[PDB]
Each structure stands twice: as structure tokens, then as C-alpha cells.
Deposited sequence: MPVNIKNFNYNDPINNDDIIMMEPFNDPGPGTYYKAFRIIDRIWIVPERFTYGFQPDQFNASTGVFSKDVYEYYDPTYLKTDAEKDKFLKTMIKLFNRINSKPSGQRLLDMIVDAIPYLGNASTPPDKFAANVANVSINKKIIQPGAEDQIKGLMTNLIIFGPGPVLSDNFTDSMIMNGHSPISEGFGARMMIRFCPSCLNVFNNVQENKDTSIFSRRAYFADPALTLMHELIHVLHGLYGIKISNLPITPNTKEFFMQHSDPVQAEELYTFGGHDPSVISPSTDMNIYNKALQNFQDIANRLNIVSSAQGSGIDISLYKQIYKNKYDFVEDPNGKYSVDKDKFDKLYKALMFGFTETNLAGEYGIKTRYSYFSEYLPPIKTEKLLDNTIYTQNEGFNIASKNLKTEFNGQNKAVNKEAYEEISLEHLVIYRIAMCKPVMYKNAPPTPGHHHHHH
């Protein structure tokens, strides 16, 4: 299991695991932020991200003081510690750490490694007293920010290139998440009065995190692949994306057809073969310092390629099949919920109610690494009572209308 490092927000810059970084590529002089490497290749940036019915949670004041940055940082670490408490989440974190993006993309020459590209590298600033600060490239797998203007809208992405998309073509891409750990999704369950009624529950934010991490993993493997578009009417994407459904509950035959399964399977396979074909012709790097054979070995390990006695890489069908299934159907939100004794929504189509806030995720009488909210010593384990809005009221507070912007779905002229 991966090591997870503790930090205080005010711990000094050391240019190693506490740094100034510029993660959005450059207007030349861009904005640098204080970042914390809690796990290899995984950084927390405790700052706001600035670069039927629906509830947007606003809070302009979230993450403005150093005290609150520190709380965000500590909460993120606690959540990773939680994920790290059980073998499945441990495996999730090991696989992310290992899933280094390919040194290149569709526009890099196939016979080269190129680290100096936006899907691979950000700017890091080496802070030295007495001399001018140097700007150095830095490779990462995952950067976690705080939220943009809307807190209730956790979201994972890349910066995608001119034309092509590395996260869907096997190259993969360094991943960024916007996250609010203290903002809890709320859902329903129709439940038998130990008469039937709707019982309201709130998310365990570690499972919320694990969900985005699944996406991260798919993106890093370059297999975040879209369903065919719906193209003639005006071209547009399928409302029901198979990778989204996979991330929630693996196969979903009643919603995703076996043909759609197969199409995505075949495109992931072709993506891996493309990477193997590239590896067989890479003979140098665009810049200096890149040791080719070392990175060939890393990618062989990441994509689980076979290597013949001449050094040629190929995709083995059994090895691909086992790795694909792990990535698409092994790590799902509902598998992990079950492993962790966490209640989640019944289905991908269940609606969210208005979100709620907790200030108590660092309080071990309320939320623990090993049990989350569902603490057996308080009788909150049974029926996931610790996530039950009617039972575990001390865990959370409702969000006022001063924070909450409400919309209704309408049909309008395009």
C-alpha cells in the first residue's frame, strides 16, 4: 500500500513535496500555487479553481483563509487514508500512481518521447533565497484543486489539445479534479418502515472521491472513450455515456448494449496497440534527461505489454482482457461502496436532492477513517444510519438560500 504523507498548510516550501506550481499552461507569466505531494504523482492544491431540478451551491468565502486551506488539506489526506484502509482502494491508488501518461500525444512524432507537452508536464518554480527562481518541468498524474464558483459540482478533466484527445487515445493525460470534501450529495431510498416512505441520505465523501478517482484512472490509461456521437439534425453526444455508467456500476445491459460494450472494448484495445506500435519506434526524446529504456519499461508495466526477444512490444489478448475488466468493471462506485459499507444511490439515474455541508469530517466522534459516518460503537452501522439524514443530524447542516441557486429544466429555442 501507498504511503500517504501528512502536512500542515503552513509547512514551508521545500521544492520537493511542498512547491509552487503553475498547472494550467502559460499566458507566459501565469499564477503559481502552493501544492502538497501527499502520494507519489498526486498533488493537493487547497485553492479555488479559477481558470428535473438543479441546485448550485455558491460560497465565495470557501478556501480564502490559510486556516481553511489547512482544513481542506487535512480532510483530503484523511479521505485518501480512508480509501487506503481496504485492499480495493489500495489497489485503486497503486494503479493511479503507476499510470504515468505517455510522453507524447497525436501530434508528437511517433519515433520520439516528448515530456514537454501539456498532457504530460506543468511548471514548477524552484524557490531559492538569494537567486532568481528557476522554472522547471514537472510530471504529475493527479492534481486536486478546490472547487470553482459552484461547490456542489465536483468534476474531473484535462486540458485537451488542439484537435486530438489523449485521454481517449491510449496516451492518457495528467488529470485534474475540482473537489469539495465538505459538500455532501444527498439522495433517496424508498424504505419499508422497519408503510413505505422516502428516506434521505448523504454521501460519504471518500466514496465521492473514489468515484472521480475511477475517472482519473480511465483518463490516465487513455481509455476514457466516448460512445459514437449521434450524427446526421445537429451532431451531438449520446446522453448515456458507457464509461459514465461503467464508473457507477460496471456492466449495465439494460441500458448499454453488447455492441456498445464491444465498440468501447475494441477502441481501448486499438489504443493500447497504438502505444505498443509507438514504443517499437521510439529512439529518442525531444529534450534532454529522458532515459528512453527506463520509460519503455514503465509503459510496458503500465499497459502490461509483452516483449519479444528483440525488444518488440505487443498486446496480449488475455492480458488486455484482464486489465480492461479491472479498469472498467472492477473499480466501480457500487463495488467500492459495498466493500466499504457505504450507502450510495440506487442507480445512476436516481436524482440528487439539494446538497448539505459538513464541518465535522476531522471530528473522529462523527467521521472515521475505518468506518466513515457509519460507526458501530454509536449504533450508526446498522442500515447505514450514520448516512441517514433523519438519524445522524449532528453530522451536517442544511445550506441556506443565500448560498443555493435553483434551476428548472426547460425546453428552449437553440
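Engineer: Missing C-alpha coordinates: which residue stretches of the deposited sequence does that apply to?
Structural biologist: In the chain as deposited, 1, 53-67, 211-213, 252-256, 439-455 carry no coordinates.
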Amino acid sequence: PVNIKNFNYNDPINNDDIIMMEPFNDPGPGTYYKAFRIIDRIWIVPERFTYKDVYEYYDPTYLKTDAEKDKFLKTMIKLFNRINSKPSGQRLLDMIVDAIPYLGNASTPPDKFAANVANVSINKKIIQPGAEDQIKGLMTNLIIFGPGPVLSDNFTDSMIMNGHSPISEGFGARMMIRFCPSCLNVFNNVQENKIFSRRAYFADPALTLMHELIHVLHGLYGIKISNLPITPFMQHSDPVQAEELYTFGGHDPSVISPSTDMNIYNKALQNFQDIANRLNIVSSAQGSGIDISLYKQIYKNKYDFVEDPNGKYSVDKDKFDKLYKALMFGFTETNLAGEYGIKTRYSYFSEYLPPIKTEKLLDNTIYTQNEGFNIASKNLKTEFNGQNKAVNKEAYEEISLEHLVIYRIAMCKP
From here on, numbers count along this sequence of modelled residues.
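Engineer: Mind pulling up the entry and telling me whether 238-246 or 130-138 has the higher mean Cα temperature factor?
Structural biologist: Result: 130-138.
Engineer: Between 23-31 and 344-352, which has the larger average Cα B-factor in the PDB entry?
Structural biologist: In the deposited entry, the stretch with the higher C-alpha B-factor mean is 23-31.
Engineer: Please work out which residue in 161, 77, 209, 275 has the highest C-alpha B-factor recorded for this crystal structure.
Structural biologist: By C-alpha B-factor in the record, 161 ranks first.
Engineer: Check where residue 373 lands among this chain's C-alpha B-factors and tell me if it's the lowest, middle or highest third.
Structural biologist: Its C-alpha B-factor belongs to the lowest third of this chain's values.
Engineer: Place residue 156 in the lowest, middle or highest third of its chain's C-alpha B-factors, as listed in the PDB entry.
Structural biologist: As the PDB entry reports it, the C-alpha B-factor of residue 156 lands in the highest third of its chain.
Engineer: Lowest, middle or highest third: where is residue 66 by C-alpha B factor in its chain?
Structural biologist: Middle third - that is where residue 66 ends up once the chain's C-alpha B-factors are sorted.
Engineer: Thinking about Cα B factors across the chain, which third does residue 81 belong to?
Structural biologist: Its C-alpha B-factor, which the entry lists for residue 81, ranks in the lowest third among residues of this chain.
Engineer: Determine, from the deposited record, the chain-internal third of the Cα B-factor for residue 13: lowest, middle or highest.
Structural biologist: Answer is middle: the recorded C-alpha B-factor places it there.
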